[PDB]
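Raw my_file-v6.txt, compact mmCIF, C-alpha atoms (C1' of nucleotides):
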```
# COMPACT_ATOMS: atom_id res chain seq x y z
CA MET A 1 8.87 15.28 12.00
CA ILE A 2 6.79 12.34 13.18
CA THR A 3 3.29 13.65 13.80
CA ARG A 4 1.47 13.73 17.14
CA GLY A 5 -0.01 10.27 16.64
CA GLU A 6 3.26 8.74 15.46
CA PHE A 7 5.18 10.09 18.45
CA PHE A 8 2.47 8.98 20.87
CA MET A 9 2.55 5.49 19.34
CA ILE A 10 6.35 5.28 19.48
CA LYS A 11 6.53 6.36 23.11
CA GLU A 12 3.64 4.14 24.21
CA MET A 13 4.80 0.98 22.44
CA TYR A 14 8.36 1.52 23.68
CA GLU A 15 7.21 1.97 27.28
CA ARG A 16 4.96 -1.10 27.04
CA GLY A 17 8.13 -3.21 26.77
CA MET A 18 8.09 -3.82 23.02
CA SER A 19 11.55 -3.91 21.45
CA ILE A 20 12.64 -0.71 19.74
CA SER A 21 13.90 -2.15 16.45
CA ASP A 22 10.68 -3.98 15.59
CA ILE A 23 8.84 -0.84 16.69
CA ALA A 24 10.78 1.06 14.03
CA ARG A 25 10.05 -1.69 11.51
CA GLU A 26 6.33 -1.54 12.28
CA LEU A 27 6.16 2.26 12.06
CA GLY A 28 8.45 2.47 9.03
CA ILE A 29 10.96 4.79 10.69
CA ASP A 30 14.73 4.69 10.99
CA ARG A 31 16.05 3.08 14.16
CA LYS A 32 18.20 6.11 14.99
CA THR A 33 15.22 8.43 14.53
CA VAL A 34 12.98 6.28 16.74
CA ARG A 35 15.64 5.98 19.44
CA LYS A 36 16.20 9.74 19.43
CA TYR A 37 12.45 10.28 19.77
CA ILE A 38 12.31 7.84 22.71
CA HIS A 39 13.99 10.48 24.90
CA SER A 40 12.07 13.51 23.65
CA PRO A 41 9.58 15.75 25.49
CA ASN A 42 6.76 15.97 22.95
CA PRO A 43 5.98 15.13 19.30
CA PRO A 44 8.12 17.24 16.95
CA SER A 45 6.02 18.18 13.91
CA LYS A 46 6.79 21.87 13.34
CA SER A 47 9.62 23.72 11.59
CA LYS A 48 10.00 27.49 11.96
CA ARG A 49 11.47 29.53 9.09
CA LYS A 50 11.66 33.31 8.79
CA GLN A 51 10.85 35.46 5.78
CA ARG A 52 13.02 35.37 2.66
CA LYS A 53 13.95 37.74 -0.14
CA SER A 54 11.62 38.14 -3.11
CA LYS A 55 11.67 39.81 -6.54
CA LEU A 56 9.52 42.87 -5.71
CA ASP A 57 11.60 43.93 -2.69
CA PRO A 58 13.56 46.80 -4.33
CA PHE A 59 10.37 48.16 -5.91
CA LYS A 60 8.28 47.75 -2.76
CA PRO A 61 9.06 51.19 -1.24
CA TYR A 62 8.28 52.88 -4.56
CA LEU A 63 4.97 51.03 -4.91
CA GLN B 1 2.38 -16.69 25.11
CA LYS B 2 -0.06 -14.04 26.36
CA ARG B 3 2.82 -11.55 26.57
CA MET B 4 3.49 -12.07 22.86
CA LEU B 5 -0.21 -11.99 21.98
CA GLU B 6 -0.83 -8.69 23.78
CA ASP B 7 2.48 -6.79 24.05
CA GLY B 8 4.14 -8.58 21.13
CA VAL B 9 7.34 -8.83 23.19
CA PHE B 10 9.29 -11.62 21.48
CA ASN B 11 12.37 -10.81 23.60
CA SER B 12 13.54 -14.09 25.11
CA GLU B 13 16.14 -12.93 27.64
CA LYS B 14 13.77 -10.26 28.97
CA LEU B 15 10.86 -12.69 29.40
CA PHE B 16 13.12 -15.24 31.10
CA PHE B 17 14.33 -12.55 33.50
CA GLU B 18 10.74 -11.52 34.20
CA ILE B 19 9.59 -15.04 35.02
CA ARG B 20 12.75 -15.60 37.08
CA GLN B 21 11.59 -12.61 39.10
CA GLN B 22 8.25 -14.46 39.19
CA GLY B 23 9.92 -17.61 40.55
CA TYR B 24 11.21 -19.49 37.52
CA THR B 25 13.53 -22.43 38.22
CA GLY B 26 14.40 -23.12 34.57
CA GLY B 27 17.10 -21.86 32.26
CA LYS B 28 17.48 -18.72 30.18
CA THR B 29 18.67 -20.60 27.13
CA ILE B 30 15.75 -22.98 26.62
CA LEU B 31 13.46 -19.95 26.97
CA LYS B 32 15.61 -18.28 24.30
CA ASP B 33 14.97 -21.33 22.16
CA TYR B 34 11.24 -21.31 22.93
CA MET B 35 10.88 -17.62 22.11
CA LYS B 36 12.79 -18.29 18.89
CA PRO B 37 10.04 -20.36 17.15
CA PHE B 38 7.76 -17.51 18.27
CA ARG B 39 9.88 -14.70 16.80
CA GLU B 40 10.68 -16.92 13.79
CA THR B 41 6.96 -17.31 13.12
CA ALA B 42 6.79 -13.54 13.54
CA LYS B 43 9.52 -13.21 10.88
CA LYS B 44 7.58 -15.63 8.67
CA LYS B 45 4.68 -13.21 9.09
CA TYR B 46 7.02 -10.35 8.19
CA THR B 47 7.98 -12.12 4.96
CA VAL B 48 4.29 -12.84 4.20
CA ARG B 49 3.80 -11.31 0.73
CA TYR B 50 1.27 -11.59 -2.10
CA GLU B 51 -1.81 -12.45 -0.04
CA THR B 52 -4.12 -11.98 -3.00
CA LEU B 53 -7.37 -13.95 -3.02
CA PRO B 54 -9.48 -14.39 -6.18
CA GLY B 55 -11.24 -11.11 -6.88
CA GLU B 56 -9.73 -9.23 -3.93
CA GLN B 57 -7.95 -6.21 -5.44
CA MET B 58 -6.94 -4.90 -8.87
CA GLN B 59 -3.72 -3.21 -7.71
CA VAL B 60 -4.42 0.30 -9.05
CA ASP B 61 -1.40 2.47 -9.86
CA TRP B 62 -0.86 5.74 -11.75
CA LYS B 63 2.28 7.26 -13.24
CA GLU B 64 3.31 9.83 -15.82
CA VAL B 65 5.28 7.90 -18.43
CA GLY B 66 5.15 9.84 -21.69
CA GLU B 67 5.20 13.22 -23.39
CA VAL B 68 3.58 14.11 -26.73
CA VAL B 69 2.82 17.24 -28.76
CA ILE B 70 -0.75 16.23 -29.66
CA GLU B 71 -2.21 18.70 -32.17
CA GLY B 72 0.98 20.72 -31.80
CA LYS B 73 0.43 21.04 -28.03
CA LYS B 74 2.71 19.47 -25.44
CA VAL B 75 0.97 17.07 -23.07
CA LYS B 76 2.21 14.63 -20.44
CA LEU B 77 0.98 11.07 -20.95
CA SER B 78 -0.34 9.41 -17.79
CA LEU B 79 -0.66 5.63 -17.48
CA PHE B 80 -2.94 3.58 -15.22
CA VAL B 81 -2.29 -0.08 -14.40
CA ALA B 82 -4.72 -2.20 -12.38
CA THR B 83 -3.17 -5.60 -11.60
CA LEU B 84 -5.67 -8.24 -10.49
CA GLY B 85 -3.75 -9.77 -7.61
CA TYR B 86 -4.26 -13.53 -7.50
CA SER B 87 -4.97 -13.84 -11.22
CA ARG B 88 -2.00 -11.54 -12.00
CA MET B 89 -3.90 -10.12 -15.00
CA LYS B 90 -3.63 -6.37 -15.45
CA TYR B 91 -5.54 -3.67 -17.31
CA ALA B 92 -3.24 -0.95 -18.64
CA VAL B 93 -4.14 2.33 -20.33
CA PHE B 94 -2.39 5.71 -20.71
CA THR B 95 -4.60 8.57 -21.86
CA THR B 96 -4.22 12.15 -20.58
CA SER B 97 -3.31 12.82 -16.96
CA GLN B 98 -3.98 11.79 -13.35
CA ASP B 99 -7.23 13.72 -12.87
CA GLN B 100 -9.85 12.04 -10.69
CA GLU B 101 -12.40 11.85 -13.50
CA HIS B 102 -9.96 9.96 -15.71
CA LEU B 103 -9.13 7.76 -12.71
CA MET B 104 -12.78 6.76 -12.37
CA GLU B 105 -13.04 6.29 -16.14
CA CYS B 106 -10.06 3.92 -16.08
CA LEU B 107 -11.52 2.01 -13.13
CA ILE B 108 -14.80 1.62 -15.04
CA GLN B 109 -12.91 0.43 -18.12
CA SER B 110 -11.02 -2.13 -16.03
CA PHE B 111 -14.25 -3.37 -14.44
CA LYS B 112 -15.92 -3.73 -17.84
CA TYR B 113 -12.92 -5.59 -19.27
CA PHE B 114 -12.85 -7.88 -16.22
CA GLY B 115 -16.64 -8.27 -16.30
CA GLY B 116 -17.25 -7.44 -12.65
CA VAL B 117 -15.83 -5.94 -9.47
CA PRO B 118 -13.52 -7.11 -6.69
CA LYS B 119 -14.11 -6.87 -2.96
CA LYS B 120 -11.72 -3.92 -2.55
CA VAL B 121 -9.28 -1.81 -4.57
CA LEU B 122 -5.77 -0.88 -3.44
CA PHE B 123 -4.32 2.40 -4.73
CA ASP B 124 -1.09 4.36 -4.28
CA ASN B 125 -0.68 7.63 -2.41
CA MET B 126 -1.30 10.62 -4.68
CA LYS B 127 -3.26 13.86 -4.93
CA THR B 128 -6.34 12.02 -6.21
CA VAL B 129 -8.02 9.07 -4.46
CA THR B 130 -7.30 10.67 -1.07
CA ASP B 131 -7.01 14.41 -0.51
CA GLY B 132 -5.07 13.87 2.72
CA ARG B 133 -4.26 11.12 5.23
CA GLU B 134 -3.95 12.22 8.87
CA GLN B 135 -2.70 9.60 11.34
CA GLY B 136 -4.81 6.82 9.84
CA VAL B 137 -7.88 9.01 9.32
CA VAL B 138 -8.00 8.57 5.54
CA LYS B 139 -10.75 10.84 4.19
CA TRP B 140 -10.71 9.92 0.51
CA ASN B 141 -13.50 12.09 -0.92
CA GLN B 142 -17.29 12.35 -1.12
CA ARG B 143 -17.84 11.74 -4.84
CA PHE B 144 -15.17 9.03 -4.91
CA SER B 145 -16.71 7.35 -1.87
CA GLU B 146 -20.11 7.43 -3.57
CA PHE B 147 -18.57 5.90 -6.70
CA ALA B 148 -16.90 3.14 -4.67
CA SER B 149 -20.13 2.31 -2.86
CA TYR B 150 -22.04 2.37 -6.16
CA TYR B 151 -19.71 -0.09 -7.87
CA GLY B 152 -19.27 -2.10 -4.66
CA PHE B 153 -15.54 -2.07 -4.00
CA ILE B 154 -13.88 0.05 -1.31
CA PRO B 155 -10.60 1.98 -1.20
CA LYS B 156 -7.90 0.27 0.86
CA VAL B 157 -4.78 2.26 -0.04
CA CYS B 158 -2.25 0.92 2.47
CA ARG B 159 0.68 -0.28 0.34
CA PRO B 160 4.21 0.03 1.73
CA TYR B 161 5.12 3.70 1.43
CA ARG B 162 8.77 2.88 0.64
CA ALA B 163 10.73 1.80 -2.42
CA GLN B 164 10.83 -1.69 -0.86
CA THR B 165 7.89 -4.09 -1.44
CA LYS B 166 5.94 -1.35 -3.28
CA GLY B 167 8.35 0.51 -5.56
CA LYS B 168 10.22 -2.62 -6.61
CA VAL B 169 7.21 -4.40 -8.11
CA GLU B 170 5.75 -1.15 -9.45
CA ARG B 171 8.86 -0.25 -11.45
CA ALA B 172 9.31 -3.90 -12.44
CA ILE B 173 5.89 -4.08 -14.09
CA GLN B 174 6.22 -0.53 -15.42
CA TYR B 175 9.41 -1.13 -17.39
CA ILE B 176 8.30 -4.65 -18.34
CA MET B 177 5.28 -3.05 -20.01
CA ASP B 178 7.38 -0.25 -21.51
CA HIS B 179 9.95 -2.57 -23.10
CA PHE B 180 7.59 -5.31 -24.29
CA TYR B 181 5.01 -2.90 -25.75
CA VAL B 182 7.16 0.10 -26.80
CA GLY B 183 4.46 0.73 -29.40
CA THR B 184 4.05 3.91 -31.43
CA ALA B 185 0.72 4.01 -33.27
CA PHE B 186 0.42 7.69 -34.23
CA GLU B 187 0.75 11.22 -32.87
CA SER B 188 -2.77 10.86 -31.48
CA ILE B 189 -2.57 9.23 -28.05
CA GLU B 190 -6.01 7.71 -28.66
CA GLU B 191 -4.64 5.58 -31.50
CA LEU B 192 -1.66 4.71 -29.30
CA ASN B 193 -4.06 3.42 -26.64
CA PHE B 194 -5.99 1.55 -29.33
CA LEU B 195 -2.84 -0.33 -30.36
CA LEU B 196 -2.02 -0.73 -26.66
CA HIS B 197 -5.36 -2.45 -26.12
CA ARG B 198 -4.65 -4.74 -29.06
CA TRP B 199 -1.19 -5.55 -27.64
CA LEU B 200 -2.67 -6.21 -24.20
CA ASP B 201 -5.23 -8.60 -25.65
CA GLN B 202 -2.57 -10.32 -27.76
CA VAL B 203 0.73 -10.75 -25.90
CA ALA B 204 0.21 -9.27 -22.41
CA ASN B 205 -2.91 -10.89 -20.93
CA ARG B 206 -2.04 -14.12 -22.79
CA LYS B 207 1.63 -14.29 -21.72
CA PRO B 208 2.14 -17.28 -19.38
CA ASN B 209 4.19 -16.65 -16.25
CA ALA B 210 7.36 -18.70 -15.93
CA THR B 211 6.61 -19.90 -12.40
CA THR B 212 2.90 -20.70 -12.68
CA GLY B 213 3.22 -21.77 -16.32
CA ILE B 214 -0.42 -20.83 -17.03
CA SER B 215 -1.75 -17.77 -18.81
CA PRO B 216 -3.25 -15.40 -16.20
CA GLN B 217 -6.48 -15.32 -18.23
CA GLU B 218 -7.56 -18.68 -16.81
CA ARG B 219 -7.12 -17.49 -13.22
CA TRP B 220 -8.99 -14.31 -14.11
CA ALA B 221 -11.83 -16.46 -15.47
CA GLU B 222 -11.90 -18.51 -12.26
CA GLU B 223 -11.63 -15.40 -10.07
CA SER B 224 -14.65 -13.84 -8.34
CA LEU B 225 -15.71 -10.73 -10.30
CA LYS B 226 -19.11 -9.82 -8.91
CA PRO B 227 -21.32 -8.27 -11.61
CA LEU B 228 -20.87 -4.53 -11.96
CA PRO B 229 -24.04 -2.42 -11.63
CA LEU B 230 -24.27 -2.44 -15.47
CA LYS B 231 -24.30 1.39 -15.48
CA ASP B 232 -21.48 3.90 -15.12
CA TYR B 233 -21.29 6.43 -12.31
CA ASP B 234 -21.19 9.78 -14.08
CA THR B 235 -17.69 10.52 -15.40
CA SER B 236 -18.38 14.19 -16.16
CA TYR B 237 -16.74 17.16 -14.47
CA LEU B 238 -19.26 18.85 -12.17
CA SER B 239 -18.68 22.57 -11.65
CA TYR B 240 -20.92 25.45 -10.60
CA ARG B 241 -21.00 28.79 -12.39
CA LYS B 242 -22.78 32.03 -11.54
CA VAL B 243 -24.66 33.81 -14.32
CA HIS B 244 -24.15 37.56 -14.54
CA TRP B 245 -27.19 39.82 -14.82
CA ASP B 246 -26.25 39.92 -18.52
CA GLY B 247 -27.45 36.32 -18.76
CA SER B 248 -23.85 35.23 -19.27
CA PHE B 249 -21.32 32.99 -17.57
CA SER B 250 -17.89 31.47 -18.19
CA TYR B 251 -16.40 27.99 -18.46
CA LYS B 252 -12.76 27.10 -19.20
CA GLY B 253 -12.16 30.45 -20.88
CA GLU B 254 -15.29 30.42 -23.07
CA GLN B 255 -18.22 32.69 -22.25
CA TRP B 256 -21.81 31.56 -22.80
CA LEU B 257 -25.04 33.54 -23.15
CA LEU B 258 -28.11 32.28 -21.30
CA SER B 259 -31.69 33.60 -21.21
CA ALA B 260 -33.37 36.06 -18.86
CA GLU B 261 -34.54 33.54 -16.26
CA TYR B 262 -31.00 32.24 -15.71
CA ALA B 263 -29.37 35.64 -15.13
CA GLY B 264 -28.22 36.10 -11.55
CA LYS B 265 -28.38 32.43 -10.55
CA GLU B 266 -26.01 29.49 -10.10
CA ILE B 267 -26.06 26.83 -12.82
CA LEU B 268 -24.17 23.53 -12.81
CA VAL B 269 -22.04 22.63 -15.82
CA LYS B 270 -21.45 18.93 -16.43
CA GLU B 271 -18.78 18.03 -18.99
CA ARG B 272 -18.29 14.42 -20.02
CA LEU B 273 -14.73 13.31 -20.68
CA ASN B 274 -16.06 12.91 -24.22
CA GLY B 275 -15.91 16.70 -24.55
CA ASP B 276 -19.54 17.82 -24.56
CA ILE B 277 -20.85 20.44 -22.12
CA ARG B 278 -24.35 20.17 -20.64
CA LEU B 279 -25.90 22.95 -18.56
CA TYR B 280 -28.21 21.86 -15.73
CA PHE B 281 -30.05 24.59 -13.82
CA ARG B 282 -32.05 23.90 -10.66
CA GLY B 283 -32.07 20.18 -11.43
CA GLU B 284 -33.65 20.58 -14.86
CA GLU B 285 -31.88 20.66 -18.23
CA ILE B 286 -31.56 23.83 -20.31
CA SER B 287 -30.98 24.24 -24.03
CA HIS B 288 -27.65 23.04 -25.38
CA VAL B 289 -25.07 25.70 -26.22
CA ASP B 290 -24.14 24.12 -29.60
CA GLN B 291 -20.51 23.80 -28.58
CA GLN B 292 -18.15 24.10 -31.55
CA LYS B 293 -14.54 23.10 -32.11
CA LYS B 294 -13.58 26.61 -33.22
CA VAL B 295 -13.62 29.17 -30.41
CA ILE B 296 -15.89 32.16 -31.06
CA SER B 297 -15.47 35.48 -29.28
CA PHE B 298 -18.15 36.85 -26.97
CA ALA B 299 -18.86 39.49 -29.62
CA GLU B 300 -19.80 36.82 -32.17
CA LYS B 301 -22.05 35.14 -29.59
CA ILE B 302 -23.80 38.46 -28.93
CA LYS B 303 -24.24 38.98 -32.67
CA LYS B 304 -25.64 35.46 -33.06
CA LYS B 305 -28.13 35.93 -30.22
CA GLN B 306 -29.13 39.30 -31.70
CA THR B 307 -29.80 37.76 -35.11
CA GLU B 308 -31.67 34.86 -33.50
CA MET B 309 -33.92 37.22 -31.53
CA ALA B 310 -34.45 39.28 -34.70
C1' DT C 1 -34.76 47.98 -40.07
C1' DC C 2 -35.27 50.36 -35.51
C1' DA C 3 -33.16 50.43 -30.53
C1' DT C 4 -30.26 47.94 -27.54
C1' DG C 5 -24.71 47.71 -21.34
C1' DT C 6 -19.82 46.51 -21.66
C1' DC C 7 -14.93 45.89 -20.18
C1' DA C 8 -11.27 45.47 -16.93
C1' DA C 9 -9.32 44.24 -12.68
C1' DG C 10 -8.87 41.67 -8.54
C1' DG C 11 -8.88 37.51 -6.07
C1' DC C 12 -8.36 32.74 -5.72
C1' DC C 13 -6.76 28.28 -7.05
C1' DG C 14 -3.71 25.21 -9.28
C1' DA C 15 0.56 23.97 -11.05
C1' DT C 16 5.37 24.51 -11.49
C1' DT C 17 9.93 25.80 -9.93
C1' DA C 18 13.37 26.55 -6.47
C1' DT C 19 15.28 26.04 -1.84
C1' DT C 20 15.78 23.84 2.59
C1' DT C 21 15.28 20.15 5.74
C1' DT C 22 14.51 15.46 6.96
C1' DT C 23 14.65 10.66 6.31
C1' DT C 24 16.40 6.49 4.28
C1' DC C 25 19.67 3.32 2.31
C1' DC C 26 24.10 1.13 1.82
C1' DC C 27 28.53 -0.30 3.62
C1' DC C 28 31.68 -1.15 7.41
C1' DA C 29 32.94 -1.89 12.27
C1' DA C 30 31.95 -2.87 17.09
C1' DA C 31 29.03 -4.37 20.82
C1' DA C 32 25.12 -6.59 22.70
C1' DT C 33 21.58 -9.73 22.72
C1' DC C 34 19.59 -13.85 21.47
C1' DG C 35 19.52 -18.72 19.88
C1' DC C 36 20.99 -23.37 19.60
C1' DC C 37 23.36 -27.31 21.15
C1' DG C 38 25.55 -30.08 24.54
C1' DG C 39 26.47 -31.55 29.04
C1' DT C 40 25.31 -32.32 33.73
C1' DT C 41 22.26 -33.18 37.50
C1' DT C 42 18.13 -34.82 39.61
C1' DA C 43 14.19 -37.66 39.92
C1' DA C 44 11.54 -41.51 38.72
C1' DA C 45 10.93 -46.00 36.90
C1' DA C 46 12.38 -50.79 35.44
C1' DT C 47 14.78 -55.27 35.79
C1' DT C 48 17.13 -59.03 38.12
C1' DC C 49 18.48 -61.69 42.09
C1' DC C 50 17.70 -64.73 46.78
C1' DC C 51 14.41 -67.64 50.33
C1' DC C 52 9.03 -69.10 51.93
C1' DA C 53 4.83 -71.17 50.58
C1' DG C 54 1.74 -73.66 47.55
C1' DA C 55 0.61 -77.06 44.11
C1' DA C 56 1.37 -81.08 41.02
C1' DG C 57 3.33 -85.52 39.50
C1' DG C 58 5.48 -90.10 39.95
```
Take the structure in this file and express it as structure tokens.
Amino acid sequence: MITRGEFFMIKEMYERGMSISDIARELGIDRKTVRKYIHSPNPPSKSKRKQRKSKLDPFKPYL
Amino acid sequence: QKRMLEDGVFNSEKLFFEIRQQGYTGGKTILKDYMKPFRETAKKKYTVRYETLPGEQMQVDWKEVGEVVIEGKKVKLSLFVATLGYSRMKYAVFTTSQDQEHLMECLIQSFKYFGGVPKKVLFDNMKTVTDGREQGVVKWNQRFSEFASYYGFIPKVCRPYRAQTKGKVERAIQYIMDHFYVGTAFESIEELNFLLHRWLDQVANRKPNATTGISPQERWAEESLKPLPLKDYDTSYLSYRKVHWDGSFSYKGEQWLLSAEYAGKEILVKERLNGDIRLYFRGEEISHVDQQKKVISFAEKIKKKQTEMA
DNA sequence: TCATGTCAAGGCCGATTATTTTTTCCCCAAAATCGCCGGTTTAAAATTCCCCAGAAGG
């Protein structure tokens, strides 16, 4: 979940010719994570989750 | 050399291949050598730690470390440690919590004890100090920024955000303080902090370091602590409250009765950390509300105002 | 002593608890990249050895 700026920085510094491992060191990210993000379309910073059960569900129709 | 300066590419094989494409008649391996001193100086830079100049930062840090039942009420004890970098001296105090007002109070106490201010102050990520950091755009606060400008220092919270090079030293000093002090003055945390201050003045700030072999107090004395403004930026909670047409308002669960002119208008309550409430309306100051330790119901306040008007 | 407005609910914010996802750290194995040292090759510089002319001494 590296933010827009983090992903932009990773992609740019990698494409400039800078080595990937020291890129990860500089940005404080795991080498596997950085390498995976190298070949990625756009910055991933969103997680989608659907609704979940609550306590007032059985009573909701009655209310 | 320019490639390293600009692109920071300390890759030796790659640079040799590039210049070979550019017409290099030399050998990969001596370029590997040459780029080694470069990347080795880079690794020296990586290992560069403890770049503390006299009066640079006071290494602020907060942490909940204790729990007490003060006056029969459970409360979590929060400790603040400001370590003065080069000198290695540190001001330590654990009072109530990690609220911003107590943070500023502790900073003021540390400045008074050190008799001045450093160039900048380095904090740790938390709810206070900075509300939120967005891709380097660190918007700390408005009141906190005003306080920093008033005292002179500036916030520079950029420590390593990992357990390495930040957590290691933090926990080291934390448990070193906990074990060496381990004091228990009395149920009242205020008395505990009083004995903590005595212990700090006795065997903490006057405890020579094994490596340096000199008490940090001398370095603190020789450090640059620019004179503090000699006055304290207000350490009182500021909070607005609307007055009902009854000439009444509320604050922290207690309801106060104002006069006719104040009904239907927004007053500003200012509460020192001391524990006294002062009501400021439209810039001016209004009559004190004779705050009392025992809580009185709104009915008793109405009765009191009735008798007073009688 | 007269007369004299009062109480409850809703909304919002903060803190705490519970659940899910992401990132990091440590240990082990394999592959790739980088660094250092040694050897070889190429280019440049230094020293010594033979014959012609000039100068000095007996």
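Residues of chain B having any atom within 7 Å of chain A, counting all atoms listed in the file, are residues 7, 8, 9 and 135 of chain B.
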Quick one: residues within 12 Å of range 136-150 of chain B, all atoms listed in the file, excluding same-chain residues fewer than 4 positions away - as a PyMOL selection string? (chain A and resi 3-6) or (chain B and resi 100-101+103-105+107-108+117-123+125-132+154-158+227-238)
Could you jot down the CA of residue 180 in chain B to CA of residue 74 in chain B separation for me, Å, one decimal place? 25.3 Å
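Within 10 Å of chain A, and counting all atoms listed in the file, chain C contributes residues 20, 21, 22, 23 and 24 of chain C.
CA of residue 245 in chain B lies 17.0 Å from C1' of residue 8 in chain C.
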With distances taken over only C-alpha atoms, which of A:32, A:2, A:38, A:55 is nearest to residue 14 in chain A? A:38
Interface list for chain B, partner chain C, 7 Å threshold, all atoms listed in the file, as JSON, numbers by chain: {"B": [32, 33, 36]}
Between CA of residue 95 in chain B and CA of residue 296 in chain B, measure the distance and give it in Å to one decimal. 27.7 Å
Please return as a VMD selection string every residue within 12 Å of (0.2, 19.5, -25.9), taking into account all atoms listed in the file and the file's own coordinates. chain B and resid 66 to 77 96 to 97 187 to 189
So for range 12-23 of chain A, what box centre and size do we get, axis-aligned, 4 Å extra on each of the six sides, every listed atom, Å to one decimal, as lines of an AutoDock Vina configuration file?
```
center_x = 8.8
center_y = 0.1
center_z = 21.4
size_x = 18.3
size_y = 16.1
size_z = 19.7
```
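Among B:243, B:214, B:163, B:302, the residue with the shortest atom-to-atom distance to residue 25 in chain C, counting only C-alpha atoms (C1' of nucleotides), is B:163.
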Selected residue, from B:286, B:310, B:303, B:206, that lies nearest to residue 2 in chain C when counting only C-alpha atoms (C1' of nucleotides): B:310
